[PDB]
Amino acid sequence: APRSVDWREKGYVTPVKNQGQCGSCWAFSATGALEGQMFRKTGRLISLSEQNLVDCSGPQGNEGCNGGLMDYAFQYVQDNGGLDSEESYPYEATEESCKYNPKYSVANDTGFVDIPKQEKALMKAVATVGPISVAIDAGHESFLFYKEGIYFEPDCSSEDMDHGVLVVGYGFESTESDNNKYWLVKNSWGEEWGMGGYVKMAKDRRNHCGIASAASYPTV
Ligand SMILES: N#CC1(NC(=O)[C@@H]2Cc3ccc(c(Cl)c3)OC/C=C/COc3ccc(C4CNC4)cc3C(=O)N2)CC1
Ligand SMILES: [Cl-]
Ligand SMILES: [Zn+2]
Ligand SMILES: [Zn+2]
Ligand SMILES: [Zn+2]
Ligand SMILES: [Zn+2]
Ligand SMILES: [Zn+2]
Ligand SMILES: [Zn+2]
Numbered sequence: 002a003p004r005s006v007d008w009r010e011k012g013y014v015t016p017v018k019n020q021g022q023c024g025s026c027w028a029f030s031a032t033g034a035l036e037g038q039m040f041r042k043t044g045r046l047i048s049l050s051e052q053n054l055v056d057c058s059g060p061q062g063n064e065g066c067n068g069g070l071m072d073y074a075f076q077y078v079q080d081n082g083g084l085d086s087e088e089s090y091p092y093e094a095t096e097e098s099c100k101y102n103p104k105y106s107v108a109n110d111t112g113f114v115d116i117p118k119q120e121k122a123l124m125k126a127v128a129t130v131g132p133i134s135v136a137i138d139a140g141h142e143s144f145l146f147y148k149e150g151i152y153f154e155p156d157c158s159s160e161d162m163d164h165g166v167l168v169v170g171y172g173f174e175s176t177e178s179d180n181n182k183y184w185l186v187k188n189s190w191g192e193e194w195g196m197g198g199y200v201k202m203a204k205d206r207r208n209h210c211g212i213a214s215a216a217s218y219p220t221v
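So the sequence shown is numbered by my numbering: it starts at 2 and just counts up by one.
Printed below as a string of structure tokens:
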């Protein structure tokens, strides 16, 4: 695997979005991964409808604004046989009756792949596949108010992941402690959070915040 990867500059990543007052991080993590793979496939970058996931992926076991799983969204897409674009079915940070329209579908998936649950397996996936859906332990105020730098939180749990985000790459930086490899992570809380909406999460410090523990991508 290369020492550095950043899919953003290869055109694989849409603008940072803001889930707002809806517990939909899983849906943003899911669209971002599907967006990267549709782009690998068609050469076209099209924003996908989180709302469409929020409103409709209930039979796959998502709970709308009360939460869900990325795997669950990928199955939805597969079972549904398509997914509407963002602009055909725009995001409203609530849940409403399913409004899916096959006419505006712009994306599909044939399933999904779970990646082996350690960081080296994740690095290869990110290197060869593209943006990868992951959950982290985001339940600490240091993360809620993250600004800049490699994020490292001492009581983060490798087992207590609570928040789906999107690994768009990875690399390295100079640091006083020479722990300076990071994962490049796209969040769904707005441009004003982190570094334009992104956080650098420590990498190869013992699966920090459990980033390698629940990582998957859809197959298109
Ligand atoms: N925004 C936001 C909120 N948070 C979530 O939506 C979280 C995101 C998540 C957390 C850990 C993950 C993944 Cl892939 C995703 O990795 C492994 C852990 C999975 C266990 O978590 C669940 C099991 C099942 C469910 C479904 C049953 N109710 C939805 C939901 C969850 C869930 O908690 N989803 C609602 C506040
Ligand atoms: Cl959230
Ligand atoms: Zn959207
Ligand atoms: Zn509405
Ligand atoms: Zn999975
Ligand atoms: Zn903490
Ligand atoms: Zn924690
Ligand atoms: Zn979340």
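Positions of the beta carbon are idealized from the N, C-alpha and C atoms, including for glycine.
- [ ] Return the chain-ordered list of same chain residues with a C-beta closer than 7 Å to the C-beta of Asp138, the five sequence neighbours on each side being excluded.
- [x] Excluding residues up to 5 positions away in sequence, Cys157, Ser158, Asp161, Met162, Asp163, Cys210 and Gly211 lie with their Cβ nearer than 7 Å to the Cβ of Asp138 in the same chain.
Open item on the list: Please state whether the Cβ-Cβ distance between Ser30 and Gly165 is less than 8 Å.
Closed with: Going by C-beta atoms, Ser30 is nearer than 8 Å to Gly165.
TODO: Compare the C-alpha of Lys182 against each of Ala203, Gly150 and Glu154 and name the closest.
DONE: Residue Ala203 is the option with its Cα nearest to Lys182.
TODO: Taking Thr129 as part of the beta strand (DSSP E), name the residues at either end of that continuous run.
DONE: DSSP places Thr129 in no beta strand (DSSP E) but in the uninterrupted alpha helix (DSSP H) bounded by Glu120 to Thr129.
Task: Inter-residue CB distance, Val114 and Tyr218 (contact presumed, cutoff 8 Å) - done: 6 Å between Cβ atoms; contact.
Open item on the list: What I want to know is whether the C-beta of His209 ends up closer than 7 Å to one or more non-hydrogen atoms of ligand 7.
Closed with: Distances taken from the Cβ of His209 to the heavy atoms of ligand 7 include none shorter than 7 Å.
TODO: Below 8 Å CB to CB, which residues in the same chain sit around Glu120 once its five sequence neighbours on both sides are set aside?
DONE: Spatial neighbours of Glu120 in its own chain (CB-CB distance under 8 Å, excluding positions within 5 residues in sequence) are listed in chain order as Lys204, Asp205, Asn208, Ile212 and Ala213.
Task: Own chain residues within Cβ distance below 7 Å of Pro91, not counting five before or after - done: So the list reads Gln52, once near-sequence residues are dropped.
Open item on the list: Could you tell me which whole alpha helix (DSSP H) segments of length 4 or greater appear in the region 24 to 52?
Closed with: As far as the region 24 to 52 is concerned, its whole alpha helix (DSSP H) runs of at least 4 residues are 26 to 43.
Task: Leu54 in three-state terms, based on DSSP - done: Of the three classes helix, strand and coil, the one that applies to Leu54 here is helix, per DSSP.
TODO: Assign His209 to one of three DSSP states: helix, strand, or coil.
DONE: DSSP places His209 within a helical segment (H, G or I) once states are collapsed to three.
- [ ] Any chance you could list the alpha helix (DSSP H) runs of at least 4 consecutive residues sitting entirely within the region 71 to 124, in chain order?
- [x] Runs of the alpha helix (DSSP H) inside the region 71 to 124: 71 to 81.
Task: Beta carbon nearer than 5 Å to a non-hydrogen atom of ligand 5 - done: Qualifying residues, in the order they occur: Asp72, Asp115 and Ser217.
Task: Beta bridge counterpart(s) of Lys187 as assigned by DSSP - done: For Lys187, the beta-bridge partners assigned by DSSP are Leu167 and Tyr199.
- [ ] Determine the DSSP secondary structure at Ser143, reduced to helix, strand or coil.
- [x] Correct three-state label for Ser143: helix.
Task: Backbone CA spacing between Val107 and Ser86 [nearest angstrom] - done: Cα-Cα distance, rounded: 6 Å.
TODO: In angstroms with no decimal places, state the Cα-to-Cα distance between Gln76 and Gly83.
DONE: Across the structure, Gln76 and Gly83 are spaced so that their CA atoms are roughly 11 Å apart.
Open item on the list: Which residue wins for smallest C-alpha separation from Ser89, given the options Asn102, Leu35, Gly59 and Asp80?
Closed with: The shortest C-alpha separation from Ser89 is found at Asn102.
TODO: Following the continuous beta strand (DSSP E) through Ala136, name the residue where it begins and the one where it ends.
DONE: Boundaries of the beta strand (DSSP E) harbouring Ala136: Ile133 to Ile137, taken from the DSSP string.
Task: Cα-Cα separation between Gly191 and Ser178, rounded to whole angstroms - done: Using only the alpha carbons, I get a separation of about 30 Å.
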